[PDB]
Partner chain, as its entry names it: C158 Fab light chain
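Starting off, we have a lone chain in the form solved without its partner chain, written out as structure tokens.
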């Protein structure tokens, strides 16, 4: 059977869709820097072909290289980190209008962050510098390579 969507490995390719994404000026888990986020996001492991709604995944069971994801609580809410190698690339769905991240001209690598209440609701966040794709709602597609476990 195919590797489950909850099992990630370094070097995996992650394709994400953020339907009706909204702009947040300050993402608590991203150093209070801006982010686009969606509550109807889907996540795809491109090489394995497996996929699921982000809100369908139990994020405290997701692993990267067999290790639980790093998690942080900010203002009482829990966020889970899927680190990348390189940056997160995103654009307006169906267009060539690209977004860019907060650290758009640094050598910093990005991370996907997921808020999960422990039930069947979850928000996917991607770093953005500003409202270059609008304040929302805007359909956004994202693409990254899963990175190593954070020290």
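Numbering follows the first chain given and starts at 1.
Below, we turn to the form deposited with its partner chain bound, even though it does not appear here.
At least one heavy atom of residue 97 is located within 4.5 Å of its partner chain in the entry with it bound. In the entry with it bound, none of the heavy atoms of residue 19 sits within 4.5 Å of a heavy atom of its partner chain. Applying a 4.5 Å heavy atom cutoff to its partner chain in the entry with it bound picks out 131, 132, 133, 134, 135, 136, 137 from 126 to 143, in order along the sequence.
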